[PDB]
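In structure tokens, one chain follows: the form deposited in one PDB entry.
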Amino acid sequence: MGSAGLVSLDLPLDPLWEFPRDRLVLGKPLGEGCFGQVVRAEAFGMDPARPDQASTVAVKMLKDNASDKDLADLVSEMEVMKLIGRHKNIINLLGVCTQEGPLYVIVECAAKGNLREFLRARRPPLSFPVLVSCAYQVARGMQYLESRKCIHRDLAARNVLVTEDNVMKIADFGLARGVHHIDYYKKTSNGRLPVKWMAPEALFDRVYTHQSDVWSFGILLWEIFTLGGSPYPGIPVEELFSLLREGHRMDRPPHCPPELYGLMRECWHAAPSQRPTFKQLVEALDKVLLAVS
């Protein structure tokens, strides 16, 4: 501004999404990375009727040491989450604070952490109905993301969050273009390319599609029925590329229903046109819920 000689440029006001900053009471941290954090908060008057009613939310924000690149990435994520629309099995945007302060991106709260940590903590609770429901819910989330033309490009157990009522919420679906995104939760994190989740065409040709997300869902299924196991255990990256190029895939986990491994194999087809759609995976997993009960 020429009038004031202001020190910083402002983000544009979207009245539909703007939430009052005074109504957001910040509590304890859900996570903290080096350049970003996620704070638990109580949002008063989140819905039109029932003012002064507190609802618990997660507030995603950058720390002071973050760059303008990092802000552009968070803003890009915000704008994708504005367009995606509401669904039970994805982390939805609840509100934003863009004016007269730092950017807050208010999203749904998932108290039990990611799906990998959830499953690893419950190792001898996790019966077959619960595990098939986790797979089903993620499948339904991905079905919705496909219908709204959203490719995830990094589907894994570590990016599926879990609520207090064991609802699976897919996270990180609308990240910005690139590979070097900041971590919001922990100070030391894996920055590397998630090679063991990526489809061959995504690995070698860098072609990301809905079909390559289906490959990743197959590895997430393998993660679920190994109870948060690490894929391709003790296989180096050079050996992995060689192995995948021969047509080889991971073995069926112990005590895994044959039908579920059948779905993994079809997800792991070399030719992406032969892989099943998320609608087919939802329908197939629905049948397993009825049989397993």
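What we label the rigid core is the largest C-alpha set whose atoms superpose within 1.5 Å from one form to the other. Start at 1 and count along the sequence shown; that's the residue number.
FYI, the form solved in complex with a small molecule isn't displayed, but the following is about it.
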With the partner omitted here, the residue among 227, 62, 240, 57 that in the deposited complex has a heavy atom within 4.5 Å of the small molecule is 57
Of 203, 110, 103, 126, the only residue with a heavy atom within 4.5 Å of the small molecule in the deposited complex is 110
| request: Run the contact test on 132, 219 and 265 with a 4.5 Å heavy atom cut-off to the small molecule in the deposited complex and return yes or no. | output: no
Answer among 244 to 252, 257 to 265, 229 to 237, 34 to 42 for heavy atoms within 4.5 Å of the small molecule in the deposited complex: the stretch 34 to 42
Even though the partner isn't displayed, in the deposited complex is residue 46 close enough to the small molecule, meaning a heavy atom within 4.5 Å? no
Q) With the partner left out of view, is residue 168 within 4.5 angstroms of the small molecule in the deposited complex by any non-hydrogen atom? A) no
*Even though the small molecule is not shown here, does residue 161 get within 4.5 Å of it in the deposited complex, heavy atoms only?*
yes
> Is there any non-hydrogen atom of residue 214 lying within 4.5 Å of the small molecule in the deposited complex?
Replying inline: no
Looking at 253, 231, 31, 228 between the shown form and the other one with the core superposed, the single C-alpha displaced by 2 Å or more is at 31
